[PDB]
């Protein structure tokens, strides 16, 4: 129900390109060590934790979290991205459980089961983002961590201030927020203050 079929078709159409490091998803590949490092730091490590990756797509974050010893469920509504995720995980020799369903359906069946829920670059593609925020809150264990982010911009952006309003209506507490910026001194992208055009948000279930 809470799905934009057009948005899904778009990602389904480019699913084969997902793991091309120089293709359309290059920014996600480049960003991933950073968000993975952020998640591991904020959640206090990922080893042996149950982790749900909402709108996992081709599995860029999901696979990498499983590599750190997390028990990862990847969720998406796109058929082809999940086919690609499943195959790529097998090619890597990494175990990830990939499922095709909405986060609301998953929440109704798996409430409170996850130590960590990640929801990256997904919200802007959803007809009703508040519902996704509510589901993530429902999915997470007490004391669990929920992360939201939009680190990739191009040619629909949910402002962080608006997302905070959504988080405030749930059992999730905002813990930390940071932006992604180019650092000329180090010639690298780094997480830091300033969320005008992108962000990463750490919330914790209370």
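Residue numbers count along the first chain shown, from 1.
The segment from residue 155 to residue 156 is interrupted, since 1 to 3 residues of the deposited sequence in that interval carry no coordinates. The question of which stretch, 65-73 or 161-169, has the higher mean Cα B factor is settled in favour of 161-169. Per-stretch averaging of Cα B factors for 146-154 and 52-60 places 146-154 on top. Listed residues 83, 130, 118, 113 were ranked by CA B-factor as deposited; 130 comes out on top. Across 28, 46, 140, 36, the entry's maximum B-factor at the CA atom is seen for 28. Sort the chain's modelled residues by C-alpha temperature factor and residue 126 lands in the middle third, per the entry. Remark: residue 101 belongs to the highest third of its chain, ranked by C-alpha B-factor as recorded.
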